[PDB]
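First comes one chain, alone, set out as structure tokens in the form deposited in one PDB entry.
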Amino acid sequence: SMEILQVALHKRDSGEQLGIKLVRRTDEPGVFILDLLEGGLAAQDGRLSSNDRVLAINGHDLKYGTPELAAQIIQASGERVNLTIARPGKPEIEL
């Protein structure tokens, strides 16, 4: 299973970063959050998480995208940056 959710962050200046480390993976397609940067917009917002898959940013499809394409979109964005995320899997597993 997965959860699909939308997270809107707001840049306080046009050059503000989101505070997200984005990666590609060697065994599945997509752009993924590895982790968030301390004190960044994403961390302050709280919602985004390690292992989230970024499906789109500002309506721009990233399902089969790259970190580079995400970077291009974010750097050119206006103040509102909306990320559509897929969060796979269970939050707790007893094993």
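Don't overthink the numbering: it's just position in the shown sequence, from 1.
Not on display, but discussed next: the form solved in complex with a partner chain.
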| property | result |
| --- | --- |
| Residue contact check: residue 21 to the partner chain in the deposited complex, 4.5 Å heavy atom | yes |
| Interface membership of residue 14, the partner chain in the deposited complex, 4.5 Å heavy atom rule | no |
| Partner proximity in the deposited complex: residue 61 to the partner chain, non-hydrogen atom cutoff 4.5 Å | no |
| Residue 86: touches the partner chain in the deposited complex, heavy atom cutoff 4.5 angstroms | no |
